[PDB]
């Protein structure tokens, strides 16, 4: 019957904005624009966002609020045959929390390393340096910048590792930072959305404060317009390319994050008659708007480097951790009052991750709380166990070969693996459960049914624009490599298991509960195609 709701409505929005807005809104989207032709990239981006991303973002939020249950229980009550999806979805979210939280730890490490008069990554004369160290980014892989060597040879001590087979010693400064991360995550998700929804007031909003400050500091610097030019310049030649629409898609999907069961879990605490259609639209926009804004934040500073610091643009324009932990701090160090810009930046990165991590965790806790009554009342004790598992196993990310472990999970934990989950999320709703039955559900809530636009998107466009991008990513697949290091053939297979162990739950739990229920022939499917009420 009655489950707790959001202490306030803003708590929900900030939770969803917070979860959606993450480090990829910073270190991925702006890179994609620069790579894919600038404001021209917004067209496949916008399209994929409009037809693929927002409808599935909207779909998840609607489902959560309507069925009032976590990821697992929701799909059990929706399409009992496909209940495996809820397992896949949660288990995916389980894998990402292993992987994602260490990024926050890096941010906190850089933060704790930012209390000083002179930032350690400015020069090449430190002990961790190599004779090949140059002041800023370059071309030849053999010669790293000062920030690259600080990150790799000091913070990570990745130089001390020969691959994922050798993790080496554990960094106890990093293990400390990772612990601090899981401490913050615990006491946010401790008592549930009572505290959680209040905590995201900081973690979701704070980056916008820092973004603005860096936006102004960024645009107030020489050569800032040049960076914006590299960022937004409309080369439409990339639209014709296949992998650009693939990039525009996977980003849109990963940025909004349906299929992690986060939107499901977060919405399950909404009041039934709340208008979730305006929430999904409001959140979709703000998330993408933040990516657009951060684009200026990154590239205004990226342009400043190609002007005053005498570096080539393709070297400093980077995705992933490389951008925020190496390239951007390298710039900060040069400009006046650097220590301030550093402290807020790394705190931004942490607060970009946390609320995103809150969601992933909540997706798991809520899903498990609704499934097993031995969870919900015990929640204080459960999240302790979960994060203890996260920490202990996560110590592998704090090793000297920690990045190699991170980078592996980065690719295989979620991935196109989330796309097949979301693809099965769309097919189950639109076809098995049905759109006419789903539109009717939303009508009862918000007062009006979704336009035919959303329905076609859920029924036709999104599955199509999912299926074919997840296929074109398999043909464009190549073995995992970081820098000069090539992961062994067995490391690839381990990642596939990680990517597989989730997705296989969809056919496995299907087959299992298909053999489990009494019946025969056709109508065995009726039992598993009839929803919770029917």
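Numbering follows the first chain given and starts at 1.
- In this crystal structure, the stretch out of 235-243 and 357-365 whose C-alpha atoms carry the higher mean B factor is 235-243.
- Taking only CA atoms, the mean B-factor in the PDB entry is higher for 375-383 than for the other of 375-383 and 88-96.
- For the set 103, 327, 248, 396, the PDB entry assigns the largest Cα B-factor to 248.
- Per the deposited record, 140 carries the highest C-alpha B-factor of all listed residues (301, 169, 140, 344).
- When the modelled residues of the chain are ordered by C-alpha B-factor, residue 53 sits in the lowest third.
- When the CA B factors of the chain's modelled residues are split into thirds, the value for residue 198 lands in the middle one.
- Ranked by Cα temperature factor within the chain, residue 80 sits in the highest third according to the deposited record.
- Placement of the Cα temperature factor of residue 512 within the chain: highest third of the modelled residues, per the deposited record.
- In the PDB entry, residue 12 places in the middle third of its chain by CA B-factor.
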